[PDB]
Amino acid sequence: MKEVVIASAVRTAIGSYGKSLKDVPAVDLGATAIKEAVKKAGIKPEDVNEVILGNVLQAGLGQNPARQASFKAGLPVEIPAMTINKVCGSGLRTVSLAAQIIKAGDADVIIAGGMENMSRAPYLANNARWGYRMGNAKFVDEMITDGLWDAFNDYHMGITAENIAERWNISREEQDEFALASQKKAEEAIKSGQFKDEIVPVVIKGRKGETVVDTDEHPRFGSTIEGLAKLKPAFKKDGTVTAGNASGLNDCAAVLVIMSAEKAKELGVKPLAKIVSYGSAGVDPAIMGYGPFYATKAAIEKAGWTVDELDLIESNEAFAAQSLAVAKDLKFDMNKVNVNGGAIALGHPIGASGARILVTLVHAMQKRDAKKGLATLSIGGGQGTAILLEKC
């Protein structure tokens, strides 16, 4: 079938909760990233066949957030658009969907990725339409309910991370040392300019002129193991998961131009990487963090690779406990994993996250001349998605 390539890969900076991007809707973050992805790919907007974007906290964002990002990016109205929700999987899944659509023969150029603004999530009154009748009710945190809460087990994704910590015996200390390592690598990557190629600035029109956001603000520079050790468990009494060893609540968009190799050649595009294979998998909701194990193994099988053949891995860090369990079971060389930091440091903008680590992966591959790459991440409700890349 057709070969599928990444023509460009761009993200906004990742903002912290209620901070740098609090005033920028997800659709606007998306539009910004789309405009720049298309420029960087060296194609025209008229060349784009479809827009397929991840977004989880869609509540009150208005009809079809992907369509809104497309329109605001100034793409032609004739182009179809759809919004995909697979929780954290969403931004990665839109890229393998783009690959599938190209392999099916129905398109040659797709805008894919995702966008999230967790700072802007509303609160909900679920029975305001027909009435509460009597009695106190819940004023619902939509970010938690739609993004962070297991629908089957009625607890936080944080408890799924404790379950993996308990089952695998991943200790608090181990979780903290991985978090520390992620912090240090993200500081070194930011300060050394590793992310300059991939970040599109966001311009915020305020009262007095404008301000530019172009740097990932979530990392805690000069983090220490003592500092991490003082934190209290965040999710349960006497637990192991804290604020310091889990990611935050974050805002971002990450967008990729995906194309058939044939069209890329026809338009003079110099692709970054070939998408070699992909796969998604389900696991018990109760241990959703382990989803990447099974998605990765299936993707590696399809590609005819081994884990040891990989040059660079992005394995998301929603929680140290789940990253460490995946890492342990797939036997990753940890020196090749999240070489520029992971989500404990950088943030976890759920519907963008899977696209964000793919953007990070492909740019690291280009900069470091690393031939073979994997991107993978866990999904609430018990799933995983993985993609394999080979550099052009």
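One rule holds for the numbers: they count along the sequence shown, beginning at 1.
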Could you check which stretch, 298 to 306 or 241 to 249, carries the larger mean CA temperature factor in the entry?
-> 298 to 306
Pick between 253 to 261 and 217 to 225: the one whose mean CA B-factor in the entry is higher.
-> 217 to 225
Quick one: which of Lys72, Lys230, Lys138, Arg129 shows the highest Cα temperature factor in the PDB entry?
-> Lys230
In this PDB entry, which of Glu210, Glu314, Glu317, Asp146 has the top CA B-factor?
-> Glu210
By the entry's values, the third containing the CA B factor of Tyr123 is the lowest
Rank-wise, by C-alpha B-factor, drop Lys86 into the lowest, middle or highest third of its chain.
-> lowest
Once the chain's modelled residues are ordered by C-alpha B factor and cut into thirds, is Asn64 in the lowest, middle or highest one?
-> lowest
Chain thirds by Cα B factor, record data; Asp47 belongs to the highest
Should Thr94 be placed in the lowest, middle or highest third of its chain by the C-alpha B factor in the entry?
-> lowest
